[PDB]
């Protein structure tokens, strides 16, 4: 309760980094905030707003998700778990969206950025749903520099939590698109050691992870605790050393602290 703030404060002190948490309990709209208004480098978590921008398009242009793009060996980047299997072939916007959300494929992200016309467009979309904090400035892999004091490609915990609620539970997207985004998040394969690790095994979760220089370790998610009201949670973490190691365990601990008894 008031002991939640003490635990979070102590968890950050032991971590040696800077922690950001925003929890929204949709049961009564109450919130748990820790540095909720400070900016953090989104890293791969920015892929959710990006994918949602494409889904928004599909609401007007029928069959857009079935539109193809060719994959060239010169498109490959530092992380191509899926795209590298299609070199010299094509991929639909649906496959690219899936590849970037569930495997955090970097080449797939840049493909979606090209389709949309650049990061400025994603930023505009954000603005269209009432988010005045979010901002995307670069593509993969540069957007993961996470340099202290740099505002490029950042956002705040509380603002990313609200936008995720709007996209997955609110009216920012239409029915079909909303469901498709929820299914993609639920199929993520990278969140095993983060938020999920701090929750009871049988709870249902949808999330997107993030990792960048300065050991920036993030994760955003929607959590369905048995038959109760869903919880929207954002855990952002970054460190002092540019080459610091990732701390997925710090997000897991923060998750437990704020969702205990929910």
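Positions refer to the first chain, counted from 1.
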### Query
Comparing 182 to 190 with 98 to 106, which has the greater mean CA B-factor as deposited?
98 to 106
### Query
Out of 40 to 48 and 23 to 31, which one has CA B-factors that are higher on average in the deposited record?
23 to 31
#### Entry: Deposited CA B-factor, highest of 201, 221, 229, 64
64
### Message
Sorting 118, 148, 88, 157 by Cα temperature factor from the record, which one lands on top?
### Response
88
### Query
By its CA B factor, does residue 162 count among the lowest, middle or highest third of the modelled residues in the chain?
lowest
### Summary
Here the Cα B-factor of residue 68, set against its chain, lands in the third termed highest
### Query
Is the Cα B-factor recorded for residue 133 in the lowest, middle or highest third of its chain?
middle
### Query
Which third of the chain does residue 80 land in by C-alpha B-factor: lowest, middle or highest?
highest
### Task
Looking at the entry's B-factor column for C-alpha atoms only, identify whether residue 172 ranks in the lowest, middle or highest third of its chain.
highest
